[PDB]
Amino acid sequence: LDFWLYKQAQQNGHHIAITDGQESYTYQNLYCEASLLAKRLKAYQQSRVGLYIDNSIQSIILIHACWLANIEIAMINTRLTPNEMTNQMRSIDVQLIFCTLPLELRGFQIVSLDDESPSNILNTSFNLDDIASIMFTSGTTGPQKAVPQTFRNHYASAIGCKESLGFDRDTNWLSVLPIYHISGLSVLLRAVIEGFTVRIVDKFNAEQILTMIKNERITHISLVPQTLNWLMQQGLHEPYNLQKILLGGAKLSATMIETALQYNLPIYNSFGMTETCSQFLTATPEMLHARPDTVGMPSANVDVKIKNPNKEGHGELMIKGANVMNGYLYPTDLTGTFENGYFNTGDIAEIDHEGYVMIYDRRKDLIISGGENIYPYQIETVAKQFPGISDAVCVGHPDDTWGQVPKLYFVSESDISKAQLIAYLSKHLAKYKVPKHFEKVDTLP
């Protein structure tokens, strides 16, 4: 099997790959410059490296070069603290970091950008089962989880998007969203798979982006609702050449939906996560008019169900499909991530009679208690091993001395002694992680 970039250089090398306004690369240009750089990258003999990068042409060259070199890329969120980077990079065993913006980080080898087939010039082969990219989840919601994404995951995400959202060879996608996050990087992947053009832009400027939309034949754009609104306020009151506006990540109001539809804007809402390599639920303009709160329907070969619903039908959202990750790399004690192959998103959702998914709350993966991070998943692992406990969930509970404390809810056929459970928990957890409140329940809250 041939590399996607190689294929594009062969099959349509005179098609434009990337534009930043000033320069523009064709696929032939991109392939050549990436291939040349890849030889320089292989000479470090690391199979997994850090990328400290911005939304720029040079950063896209570097990304494409790494993949031609059979290197796995770990994306660094440039908004992180030096300690968080260090911790994340050490956790997945990288020591070499490639830069397109200045970085200083002690304990890492940091290299900024000074220095036919890739079978013939690189001695590298393409495999769909290779890990393309490694992304970390947010530390504000729970633990920082290393999510390995394979070329197969990324490819399955693309063709489901091709069906749900829709793009072709004539697509000019404006990408402003961070390149280190999945909404950013998935655009590049869709592009190199389909063979369309990316309009890369360094940072959100509503005025400059509207000028681009008016004057550059932009067909596709990825946004959050707040930025869509800011664009509408600069003067986006008609689609111009826009075919698709992909929204995701935050709440979309009915008011904003109605305003955008009035201006004839082709707005699509979506739901997705790092673990699914971008969106797995998509809502069309028409779906959004009917159900303002929906994130939509899934795509042809993605399978979505609710685990233990209410009579309202609310329950944790479970997903199966080729786009879903093979499992986390770090931390290495997350044990409850799959159930019969279904990925537990940890989102409370429902599917109504028509197939529309509505997301509600989230399962909280973090209890901050007395200036300490504690993780429910760790308590639930240990508790489920105690004799007679079939199921358990650890939630936050109010405590005036500490703010929040962990409380354990458990399902048990027998009659659990709290004292025996506390003692068992204490043998396998550090003392602060051990809950101080317990409740036997027939069904978990």
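The first residue of the sequence shown is number 1, and the count goes up from there.
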property	result
Unmodelled deposited residues between residue 129 and residue 130, binned	none
Mean C-alpha B-factor comparison - 185 to 193 and 315 to 323, higher one	315 to 323
Entry-level comparison of average CA B-factors, 221 to 229 and 357 to 365, reporting the higher stretch	357 to 365
Candidate set 234, 88, 299, 259 [ranked by C-alpha B-factor, highest]	299
Selection by C-alpha B-factor (highest) of 402, 410, 67, 386	402
Assigned third (lowest, middle, highest) for the C-alpha B factor of residue 349	middle
Among modelled residues of the same chain, the CA temperature factor third for residue 47	highest
Third of chain Cα B-factors occupied by residue 307	highest
CA B-factor ranking of residue 207, expressed as a third of its chain	lowest
Where the record places residue 414 (Cα B-factor, split into thirds across the chain)	highest
